[PDB]
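In this document, chain identifiers A, B, C, D and E correspond to the written order of the chains, with residue numbering beginning at 1 in each.
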Amino acid sequence: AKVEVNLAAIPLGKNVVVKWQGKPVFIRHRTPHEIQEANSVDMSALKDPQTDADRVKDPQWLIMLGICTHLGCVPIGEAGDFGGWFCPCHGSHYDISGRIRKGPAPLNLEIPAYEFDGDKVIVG
Amino acid sequence: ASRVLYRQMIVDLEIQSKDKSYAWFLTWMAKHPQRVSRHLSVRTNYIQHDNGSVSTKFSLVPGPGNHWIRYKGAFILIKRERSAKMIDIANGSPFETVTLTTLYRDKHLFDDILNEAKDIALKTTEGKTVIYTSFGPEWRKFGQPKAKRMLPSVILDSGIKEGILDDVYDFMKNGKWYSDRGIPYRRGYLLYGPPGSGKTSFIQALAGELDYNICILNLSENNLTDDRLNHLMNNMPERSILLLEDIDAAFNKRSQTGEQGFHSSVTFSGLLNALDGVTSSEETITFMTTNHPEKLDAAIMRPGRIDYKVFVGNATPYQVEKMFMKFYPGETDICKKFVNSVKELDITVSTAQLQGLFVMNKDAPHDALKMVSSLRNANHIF
Amino acid sequence: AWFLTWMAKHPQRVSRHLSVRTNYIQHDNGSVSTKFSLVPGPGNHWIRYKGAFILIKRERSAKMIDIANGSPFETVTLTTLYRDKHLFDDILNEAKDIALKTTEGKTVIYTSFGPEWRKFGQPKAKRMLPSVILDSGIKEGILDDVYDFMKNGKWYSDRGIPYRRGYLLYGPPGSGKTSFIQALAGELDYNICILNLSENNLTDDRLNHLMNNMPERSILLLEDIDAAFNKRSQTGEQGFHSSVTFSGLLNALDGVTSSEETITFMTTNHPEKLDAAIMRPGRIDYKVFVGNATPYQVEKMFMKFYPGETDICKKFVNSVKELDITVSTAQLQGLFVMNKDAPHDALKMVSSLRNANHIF
Amino acid sequence: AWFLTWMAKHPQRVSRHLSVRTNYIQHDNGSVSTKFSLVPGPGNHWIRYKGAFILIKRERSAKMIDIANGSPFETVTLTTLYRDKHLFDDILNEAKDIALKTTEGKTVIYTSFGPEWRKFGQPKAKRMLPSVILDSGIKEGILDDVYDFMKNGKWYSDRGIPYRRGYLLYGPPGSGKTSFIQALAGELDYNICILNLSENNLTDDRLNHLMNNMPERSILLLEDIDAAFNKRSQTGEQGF
Amino acid sequence: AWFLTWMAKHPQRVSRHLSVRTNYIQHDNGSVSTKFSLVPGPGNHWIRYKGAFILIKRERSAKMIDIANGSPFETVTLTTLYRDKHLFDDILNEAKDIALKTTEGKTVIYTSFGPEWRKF
């Protein structure tokens, strides 16, 4: 039900895969360049407008469940033209903040409930 | 019958291993002179430093088996039992219990022992301040708990210290007034002056005086957002003081940078909403400092946003002599020659500069005096 | 735990056995908290409680360990003759209240985070209704309206209506509408779920999701609804991209929405920008205007700040009549807080009310 | 545990021993709700049920701990004479209903989330069918038809027909159509699966995925299907 | 468990002891579907099968827990004459049919999303 993850083990810019309830979970320690770029976008382009602070509480750490939101298949990080996540099923592109920017996907990747424990993070 | 009456006359107390009192009492009894203990057990503390250096220390504690001590002229029977079935998974060790037995004709004489144990813990309260920073949406320690600095150490202009102290005390004492009115219980104090006037040092000293932690936030930070700003100043830790610095970042450009998308985004709307609306009101004291008051906006000096403003300019000769004797306690009449020397010098000097030139060598006061003629341009060389 | 704490405080008892329970919280600043409490611990004890002798026997298992508490299991066995009142209920209820002596009723304020709500700050202390001053009739009118609505619940259910209420509080700003909503919610024992449509990137789907998955026992407060209507014609050419949709709001208001006695309070400062289409039964049912400060408001608030100083209020009302100016509630409040216990000074600086927006 | 709760309710016992079960809920506002029940607990009790004497023997495991609740294992052992009717069935039944009576159940509204179906708000209370009115011959005209379809499963299945049925309600102005649908679904005890074809960002493949893979015993409702017809590729001729 | 289920329905049985097995499903809509089954439970039992009396025993193994099931380790046993046909094979075959009757052989249709098939 609850999965506990050590945050310190993750270096900057490195993604992770974690199974909560069996659902995949992505942990990314964002770099300031990513923060600036993501916050600098124009919401009009986004099919599902939302802001980085409202996607995730901590700009340092970025969380979501790895599902395309088009079908049940999972995307892959560090892929796609936008440098975020890409889906190899029907070519849905996700920006650095896991926001659908191009493709048939209707919604951004949803975020589960999570809590920060300093060195570690509790997801659930 | 014999056992029943025995237990009827005597108190018997138990201490599980979980309680800190267990270890505390073990340590205390190890120290007690009037002791008859023929059993011992070693406890060794290890910390292997990063470079391989290791610090070692050991101590002998009574350990399992019965003992005999006399406390305040009353005999006591210690009995340490080692569990033979349980493993305290939290401590990764078998469960233990140290039990005491005593006649109840006298009082248990036992809160006294545990107060003695408290005395070991009381020594650890020396650390008395912590700095909190906006690591993200919340506040976290910026570092090791700093040591508190005494208020007379920081020397501002006469009256400013007393006025600020009196005003903050007045605000804090009459909380029931705010509760009765229904008005939010928060107040603001604005410190404006030239740079290097010891404003932040003054705030830190005050926080030391009232024991509250300090919550630092710089509005020149380029990745602040008004929503996260409003979150932070309402999710603040208890017993804290919020210190805002370079509020002129909102005055000078306002939303111009926000529209341009260049560096920080915080603006007046963030100030207003995060000051009054939907804000934490149980308790809060906020401090603002601004190096460029000239860009002030007439909408802010109103109650609910801020109420106290005070100029902090160049150090007066009173401040000069006070800090001179701070660096050089005693040393009378050297301060006199110094003060008139700087009066002949007759230029604007920040307290930071005076501190620097009194500390740069750990000087003798006359040594600082000798070069005091260069204060016209001492910012260049020294 | 409750019963052990309770019996530790019982004067009429005998307990040969005892055990220590320590409270140890290390403050962040370096200070520390310590507190002892010698509970009876294992063994047997006797207690006489309003005439009845009870034997108390505490024991811990020698083979169980509780995973949660990380400690061996324990039980407390009371025993006494049948002929009593089954006084265990009395003892145990007494133990209940003493533990819950805190009486910590607060008023939480939630806030939207993505499609879900999140607690915002610590639970604020309750603020009672009289703390906020409004014009005559408006307050009590709203109170009786909402009371009638909640009480008349079965009426809605049986007669095929989804049992939703909508109250609009429109008027010039600086009238403390939000403060009044907070006071009302605290009075009714209801949490508040703020959601400002202004300057908030809301997608109508997400808006509907938030308003309908609201936590139970919580009042929904939409702030500045007119922003949506403004952006119906503005953002189409401006690009504020925080606009939501009016049609989505209607669907998010009526379509398939919640029905759990949901009560919604909406506020605005530009009623002209609103249209007479969202106004219907089941969405904005009872609206009221909230204008600038009135004589009633100024008298009542002056008494709130200076109880018993009726003559001083008379001089004050003479002064403000002499000024004969229009002022909102918030500006007039500043006079009395900066003169906490000095009403005579507020009387002295009545002329400054023209420039109240700058320094006062 | 329903047996314990029922036994607390049943009078005419000899319950010398007792045990407290506490429910403690911490509301976010600070207040807490507590309720206090005295259940038989360990030891041996007696019952006189319908003239039959039943002995009840609670037992607490001396070694085990149940991970499911982090508590020692327990057993409840009834005992009586074979000559009885084996009233155990009766007492278990009339204890079961007490648990059942607490929660009758309601109607749940599902809604689309990407490809998945998930609940949308707490279970809405059942809307009784008479509570919505329509023109004469209409409501019954649908009700009888759906009942016939419900019973004609054999008429479809044994002859290899797709056991599906589709309805259309094309009231122009909009008069309680959705209300009628929800009332009918509650009457049949079927959860409602809502979907609006006017929703932006709805693809044919995702639709086909969603119209199937529905939650069990659910009625699908497609609102304003005319969007599919009208909103042709001209609006998205670029490939939107 | 199939064996116990079969025995519950076997009429030529003498069983002084019983145990309650509950199948409970909670629907998402709040409606609950419940059933009870009086399996033999612990203690001795006698059953006649094909004219042969087969003693039966059930036993809850203390000092054990089946971690997967999360219950005390149970064990059942039967006993009868070696001289006459040990009909245990026949008994098990009978019990197996009680499980096999449940499935009618549903057809399952898979569909391709991504480079893998899944249930549809």
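Worth a mention:
FYI, a contact is a pair of C-beta atoms (placed from the backbone, for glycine too) under 8 Å apart; a residue touches a chain by one contact, two chains touch by 3 or more.
Chain by chain, the UniProt names read as follows: B, C = Mitochondrial chaperone BCS1.
Chains that touch both chain B and chain E are the following: A. Of all chain pairs, the one linked by the most C-beta contacts is B-C. Set against the Cα centre of chain D, the chain with the most distant centre is B. Remark: chain A and chain E have CA centroids separated by 47 Å (rounded to whole angstrom). Between the CA-based centres of chain B and chain C the separation comes to 32 Å, rounded to the whole angstrom.
Our note on geometry: chain A versus chain B, Cα centroid distance of 38 Å, whole angstroms. Of all residues in chain A, those touching 2 or more other chains are 51, 54, 57, 71-72, 110, listed in ascending order.
Contacts with at least two other chains are made by residues 63, 67 of chain D. Of all possible chain pairs, the ones that touch are A-B, A-C, A-D, A-E, B-C, C-D, D-E. Those residues of chain E lying in contact with chain A across their complex are 113-115, 118. Within the complex formed with chain D, the chain E residues making contact are 16, 18, 20, 27-32, 34, 36, 38, 62-63, 65, 70, 72, 120.
Chain A contributes residues 42-44, 48-51, 54-55, 57, 110-111, 113 to its touches with chain C in the complex. Interface of chain D with chain A (complex): residues 113-116, 200-203, 205-206, 209.
Residue ranges of chain D in contact with chain E, taken from their complex: 63-64, 66-68, 73, 82, 88-89, 92, 96, 99-100, 103-108, 119, 123, 189, 191, 212-213, 215.
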